[PDB]
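These are the residues of each chain, in order.
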Amino acid sequence: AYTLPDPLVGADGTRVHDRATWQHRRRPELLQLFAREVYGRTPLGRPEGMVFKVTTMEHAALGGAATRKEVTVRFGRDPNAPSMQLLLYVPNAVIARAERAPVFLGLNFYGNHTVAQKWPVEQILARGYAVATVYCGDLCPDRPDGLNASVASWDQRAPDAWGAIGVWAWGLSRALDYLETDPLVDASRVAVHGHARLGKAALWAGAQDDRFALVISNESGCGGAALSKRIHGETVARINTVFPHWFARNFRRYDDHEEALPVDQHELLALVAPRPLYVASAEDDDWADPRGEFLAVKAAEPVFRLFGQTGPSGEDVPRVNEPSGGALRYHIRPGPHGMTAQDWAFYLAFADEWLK
Ligand SMILES: O=C(O)[C@H]1O[C@@H](O)[C@H](O)[C@@H](O)[C@H]1O
Ligand SMILES: [Mg+2]
């Protein structure tokens, strides 16, 4: 089935007519719904005893274009406590103006020094932006028994307990804790971004953690930006069966039963409002369900409009390589699933508008 629940009708049926009601009544309702039925509850906020050790600082990386820092973010005072490694490139030209750089923060899938994977780090830097990354497997190994060797392990797990997407997302927020202590970056101007499974975590981190200034979802698909109730491409039963550690056990109640869902992903997107949000698809990426990613944006737009922000105009998918929307923005690009220089060019212009 497929009737979408209204972001702007509360659980008790009252109509959300103002931003205060949205901020302090409706948002907590949706956050707790997504936590309980989909991603699982985030248990730890900031742990006590987090320690940041800057292990490497190189002031003339990439030809003097960038400063590169390597940072262990340790999650306890003990020196052999669990940790993650954050890689940061800062543009030198911005440091030379005595300004903290705005930052693109995203998880990587193959390791910090694979960005197999490559992002246009040099272009991002050339455009005046810092780049930070953490390998997702320092937080939760992407495998079905992966939570036992993960930050969440330090007869089973509870049905509303978080999986890998929630642990990855919590990792992004801890990366932001670090960025707040780093005088070369403006932690109030952080674009949190992700591709595919890591875009699911980027969305979930941006909705829970409203410190993030900008949120970018690149082809995050099922249980990211795509409407589950559309039953197109990847389905809930497919994703929980192949990746049973990603979501909460409770998400499996919705296996082949998306009609029963009490929310859909347009409401995840609405939790970014009023902060700028970018959802993007690939034209041949039927698995992620591009129309469903676009329609989730459109069904989220009323919440942005409550704050006077606008989304893609038109009620169907805009032409390829034509981004559309104000603070709430979409593009679809030609070709297959991935993250490309085309996507990044559109993201950088969006950031130029909202972070510089
Ligand atoms: O790109 C990938 O490997 C993944 O992308 C995700 O968004 C999708 O849910 C996975 O099934 C897999 O296709
Ligand atoms: Mg789908």
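What counts, and at which threshold
- Residues numbered from 1 in each chain as written, not as in the entry; some residues may be left out.
- Chains lettered and ligands numbered in written order.
- Heavy atoms only, no water.
- Donors = N, O, S within 2.8 Å, 3.2 Å for Na, K, Ca; no water.
- Buried < 20%, exposed > 50% of the residue type's maximum accessible area, 1.4 Å probe, protein only.
- Near = heavy atom within 4 Å.
- Polar contact = N/O pair within 3.5 Å; in protein donor to acceptor, adjacent residues only side chain to side chain.
- Areas by Shrake-Rupley, 256 points an atom, 1.4 Å probe, with all protein chains shown as cover.
- 1 Å grid on protein atoms, 1.4 Å probe; cavity = no way out; pocket = protein on both sides within 12 Å on 5 of 7 lines; lining within 4 Å.
- Sits in = over half its atoms within 2 Å of the grid points.
- Nonpolar A, V, L, I, M, F, W, Y, C, P; charged D, E, K, R; others polar.
- Helix = DSSP H or I, 4+ residues; strand = E, 2+ residues; numbered from the N terminus.
- Axes fitted to C-alpha atoms, helices over the stretch in contact; angles between N-to-C directions.
- Parallel < 35°, antiparallel > 145°, perpendicular 65-115°, else oblique.
- Left-handed = near helix turned anticlockwise from the far one by under 90°.
- Contact = heavy atoms within 4.5 Å.

Per the deposited record, the coordinates in this entry were obtained by X-ray crystallography to a resolution of 2.20 Å.

(A) Region of the structure containing the coordination of the magnesium ion (ligand 2). The magnesium ion (ligand 2) binds to the protein through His 232 (O) and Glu 234 (O), with metal-donor distances spanning 2.3 Å. For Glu 234, a relative accessible area of 10% translates into the label buried.

(B) Highlighting the site of ligand 1. Close to ligand 1 lie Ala 196, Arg 197, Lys 200, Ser 220, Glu 234, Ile 239, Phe 243, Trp 246, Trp 287 and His 337, which account for all nearby residues. A distance of 3.0 Å separates an oxygen atom of ligand 1 from a polar side-chain atom of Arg 197. For ligand 1, an oxygen atom lies 2.4 Å from a polar atom in the side chain of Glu 234. Bound to the protein, ligand 1 loses 77% of the 330 Å² it would expose on its own. At a threshold of 2 Å from the grid points, most atoms of ligand 1 map onto the largest pocket. Looking at the shell around ligand 1, its residues break down into five nonpolar, two polar and three charged.

(C) Summary view of unusual backbone geometry. Cis rather than trans, the peptide bond between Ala 273 and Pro 274 has omega equal to 0°. When you line up the elements, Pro 274 lands in the loop between α8 (265–270) and β8 (277–282). Positive phi outside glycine occurs at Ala 196, with the angle close to 55°. In this model, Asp 256 sits at a positive phi of 55°, which is unusual for a non-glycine residue.

(D) Quick look at the packing of helix α5 (residues 164–181) against helix α6 (residues 197–208). Direction vectors running N to C along α5 and α6 enclose 60°, while the axes themselves pass 8 Å from each other. Between α5 and α6, the crossing angle belongs to the class labelled oblique. Both α5 and α6 take part in a crossing whose hand is right-handed. Here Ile 165, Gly 166, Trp 168, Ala 169 and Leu 172 of α5 lie close against α6, whose contacting residues are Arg 197, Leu 198, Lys 200, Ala 201, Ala 202, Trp 204, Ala 205 and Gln 208. A class-by-class count of the residues in the contact of α5 with α6 yields nine nonpolar, two polar and two charged.

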